[PDB]
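**Student:** One structure is given below, represented as structure tokens, and several questions about it will come after.
The numbers here are math on the coordinates, done by the rules we state, and not lab data. We place every Cβ from the backbone using ideal geometry, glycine too, and count neighbours over all the protein chains shown.
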Amino acid sequence: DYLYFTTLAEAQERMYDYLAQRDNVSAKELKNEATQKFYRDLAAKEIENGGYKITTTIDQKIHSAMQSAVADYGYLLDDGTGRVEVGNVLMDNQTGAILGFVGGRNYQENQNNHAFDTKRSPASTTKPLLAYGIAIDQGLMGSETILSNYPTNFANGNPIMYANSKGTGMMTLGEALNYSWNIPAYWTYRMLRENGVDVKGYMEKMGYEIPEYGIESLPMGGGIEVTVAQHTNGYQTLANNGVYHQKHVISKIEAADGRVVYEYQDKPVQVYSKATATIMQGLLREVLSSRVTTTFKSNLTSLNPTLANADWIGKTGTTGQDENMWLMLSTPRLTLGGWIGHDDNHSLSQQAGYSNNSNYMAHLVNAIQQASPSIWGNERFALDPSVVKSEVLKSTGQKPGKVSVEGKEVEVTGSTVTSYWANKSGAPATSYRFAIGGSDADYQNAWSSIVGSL
Ligand SMILES: *C(=O)[C@@H](NC(=O)[C@H](C)NC(=O)CCCCCN=[N+]=[N-])[C@@H](C)O
Ligand SMILES: [Cl-]
Ligand SMILES: [Cl-]
Ligand SMILES: [Cl-]
Ligand SMILES: [Cl-]
Ligand SMILES: [Cl-]
Ligand SMILES: [Cl-]
Ligand SMILES: [Cl-]
Ligand SMILES: [Cl-]
Ligand SMILES: [Cl-]
Ligand SMILES: [Cl-]
Ligand SMILES: [Cl-]
Ligand SMILES: [Cl-]
Ligand SMILES: [Cl-]
Ligand SMILES: [Cl-]
Ligand SMILES: [Cl-]
Ligand SMILES: [Cl-]
Ligand SMILES: [Cl-]
Ligand SMILES: [Cl-]
Ligand SMILES: [Cl-]
Ligand SMILES: [Cl-]
Ligand SMILES: [Cl-]
Ligand SMILES: [Cl-]
Ligand SMILES: [Cl-]
Ligand SMILES: [Cl-]
Ligand SMILES: [Cl-]
């Protein structure tokens with residue numbers, strides 16, 4: 001089944017590297033297609049005939065439970081657009097070890113591996129990693145920062161849409177994330193581009209391959225296509241307080257006599273500051289609790305109320321024509337990535353991600369917990385001590401003070417909130433352009449409202 005061929009494919013690649021090095025084949029010689037073909041064939045025959053011991057990270061009980069879960073509850077994905085395919089990867093946050101996965105609805109009927117082989121746009125699940133997470137990390141926004149959701153156009157003149165909405169007005173980062181509003185994400189990424197932030201540095205530290213970093217819709221999944229395993233690794237990084245561990249299924253390959261052919265080497269990388277990662281955890285907790293873009297917390301509370309009280313965080317994504325839905329879930333211990341879609345890329349139903357995938361993944365998480373009762377853990381995500389707490393105006397997301405509004409020096413006061421920052425000084429004093437993005441006209445409208453409240 002999926003585990004047999006995924007493991008075999010990975011073992012063959014590791015055996016290929018080992019045999020080429022054993023036989024002293026040069027980097028140049030390895031560029032020869034006929035030489036590569038011979039070493040791939042030799043690697044396959046070595047595994048087939050060689051009596052090697054392959055040690056995997058797979059938890060057999062959990063992986064078996066996940067197979068039974070998709071066999072029993074995969075039909076919950078069928079939304080009237082034909083048989084819906086699925087991929088899931090369960091990853092240990094502290095190691096990057098893959099404990100189990102779902103390759104698809106039924107290997108016997110369709111062998112395509114939707115966990116490791118299929119690449120699709122991760123849509124709005126890109127936003128925490130590539131837009132908001134980097135902006136917080138660079139000290140360009142805090143947890144209660146205000147962003148523009150005022151109407152604006154892409155470079156080609158097309159309006160930035162959210163369902164049938166051309167946008168609203170100013171909103172908090174929390175509102176922007178809970179709803180997955182697009183314009184705030186667009187402005188956040190535009191700010192990173194304008195400031196010359198090395199976004200590629202962050203994304204490549206987590207193993208992402210993105211060909212063009214200038215794509216305006218990168219936060220909404222434009223110009224990015226990922227496997228479920230790779231994208232699970234991005235969420236692993238945020239859940240693990242910003243420390244990436246490279247995903248793996250193979251831990252070790254030994255000859256019969258115990259000679260080590262290959263052994264996974266942990267190379268932990270602090271991709272985001274502990275402050276950034278823990279602030280993002282708090283925001284993604286509210287994405288699930290708000291239930292705006294996913295019913296997951298309602299589904300899970302019914303199936304397993306004790307498990308629903310674990311510290312779940314996560315994020316949804318939907319591609320433009322509903323071809324792909326994503327739900328990424330973490331507790332402190334584990335991350336579970338989930339994709340659904342069609343092999344031929346045709347549209348799912350409008351609510352496929354919101355309801356069907358959420359219900360299926362609640363069943364999958366419950367199946368995992370029944371197989372391994374302690375595996376999700378009862379630990380909480382918590383702000384790192386390095387987080388800076390700033391008292392800011394709810395209205396501006398910046399500290400109270402004086403601003404020039406249409407000539408007149410205005411004393412900006414009102415309701416305050418604690419905003420979490422990952423810099424040294426926390427939130428700046430309120431300035432006229434207090435929000436991420438927005439036009440002159442937007443700011444005239446926003447300030448008119450705020451002044452009206454003093
Ligand atoms: C995150 O997943 C977000 N999804 C998107 O932004 C998605 C990639 N595209 C859209 O929702 C807008 C494209 C639709 C065509 C434009 N309308 N016209 N004409 C959120 C929204 O789920
Ligand atoms: Cl399998
Ligand atoms: Cl496979
Ligand atoms: Cl040999
Ligand atoms: Cl096991
Ligand atoms: Cl896609
Ligand atoms: Cl515009
Ligand atoms: Cl909200
Ligand atoms: Cl970049
Ligand atoms: Cl990638
Ligand atoms: Cl670039
Ligand atoms: Cl591996
Ligand atoms: Cl041997
Ligand atoms: Cl840190
Ligand atoms: Cl909740
Ligand atoms: Cl609900
Ligand atoms: Cl979404
Ligand atoms: Cl689509
Ligand atoms: Cl199909
Ligand atoms: Cl705890
Ligand atoms: Cl906390
Ligand atoms: Cl503080
Ligand atoms: Cl303060
Ligand atoms: Cl600072
Ligand atoms: Cl800005
Ligand atoms: Cl304007």
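**Student:** In terms of modelled amide H atoms, which long-range or inter-chain residues lie less than 5 Å from the amide H of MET170?
**Tutor:** Here the answer is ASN149, since their amide H atoms fall under 5 Å of that of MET170.
**Student:** Once the Cα atoms of helix 182-194 and of the chain are each reduced to a long axis, what angle between those two axes, in degrees from 0 to 90 to the nearest 10, is obtained?
**Tutor:** Roughly 90 degrees, rounded to the nearest 10.
**Student:** What is the sum of charges around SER273, taking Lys and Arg as +1, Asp and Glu as -1, for the other residues whose C-beta is under 9 Å from the C-beta of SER273?
**Tutor:** Residues near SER273 contribute -1 overall.
**Student:** Run the quick spin-label model on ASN345 and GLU225: label points 7 Å from Cα toward the beta carbon, then report their separation in nm to one decimal.
**Tutor:** 0.7 nm
**Student:** Non-local amide H neighbours of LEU334 (under 5 Å, H modeled in plane, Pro and chain starts lacking H): which ones?
**Tutor:** Those lying under 5 Å, H to H, from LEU334 are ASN93.
**Student:** With label points built 7 Å along Cα→Cβ from the Cα atoms of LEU42 and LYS205, find their separation and express it in nm.
**Tutor:** Placing both labels 7 Å along Cα→Cβ, they lie 3.8 nm apart.
**Student:** May I pose another question? Counting pairs of Cα atoms in the chain, how many percent are more than 33 Å apart?
**Tutor:** The share of Cα pairs beyond 33 Å in the chain comes to 40 percent.
**Student:** For the pair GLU194 and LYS402, what calculated FRET efficiency results from E = 1/(1 + (r/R0)^6), where r is the Cβ-Cβ distance and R0 = 25 Å, to the nearest 0.05?
**Tutor:** 0.40
**Student:** Can I ask one more? Sum -39500 (n - 2.57) across every DSSP H segment of at least 4 residues in the chain, then divide by the residue count to get the 222 nm mean residue ellipticity, nearest 500.
**Tutor:** Result for the chain: -10000 deg cm²/dmol, rounded to the nearest 500.
**Student:** Can I ask one more? Within segment 388-451, what percent of beta bridges assigned by DSSP are antiparallel, to the nearest 5?
**Tutor:** So the antiparallel bridges in segment 388-451 amount to around 90 percent.
**Student:** Further question on the same structure: At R0 = 41 Å, how high is the FRET efficiency between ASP1 and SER449 if r is their beta carbon distance? Nearest 0.05 is fine.
**Tutor:** Computed FRET efficiency for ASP1 and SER449: 0.10.
**Student:** Check which residues have an amide H placed less than 5 Å from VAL226's amide H, if you skip close sequence neighbours.
**Tutor:** Here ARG120, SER121 satisfy the definition.
**Student:** Would you mind checking segment 325-346 for residues with the amide N under 18 Å from a putative spin-label position 7 Å along Cα→C-beta of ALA163?
**Tutor:** 325-326
**Student:** Can you give me the angle between helix 60-73 and the longest principal axis of the chain, using Cα atoms only, in degrees from 0 to 90, rounded to the nearest 10?
**Tutor:** 70 degrees
**Student:** Nearest 10 degrees, 0 to 90: what angle lies between the long axis of helix 274-290 and the longest principal axis of the chain (Cα atoms)?
**Tutor:** Taking the Cα atoms of the chain, the angle to 274-290 is about 80 degrees.
**Student:** Quick one: Karplus J couplings for segment 310-323, per residue in order, coefficients 6.51, -1.76, 1.60, θ = phi - 60°, nearest Hz, x for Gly and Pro?
**Tutor:** Running phi through 6.51 cos²θ - 1.76 cosθ + 1.60 with θ = phi - 60° gives 5, 8, 6, 10, x, 7, 9, x, 9, 6, x, 10, 6, 6 Hz.
**Student:** Kindly state, to the nearest 0.05, the FRET efficiency for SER372 paired with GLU109, given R0 = 25 Å and r defined as their beta-carbon distance.
**Tutor:** 0.35
**Student:** With θ set to phi - 60° and the Karplus curve 6.51 cos²θ - 1.76 cosθ + 1.60, what are the ³J(HN,Hα) couplings of segment 197-211 in order, to the nearest whole Hz, using x for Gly and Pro?
**Tutor:** 5, 7, 4, 4, x, 4, 5, 6, 4, 9, x, 6, 10, 10, x
**Student:** While we're looking at this one, here's another question. Give me the distance in nm between label points sitting 7 Å out from Cα along the Cα-to-Cβ direction at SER251 and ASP266, one decimal.
**Tutor:** 1.1 nm
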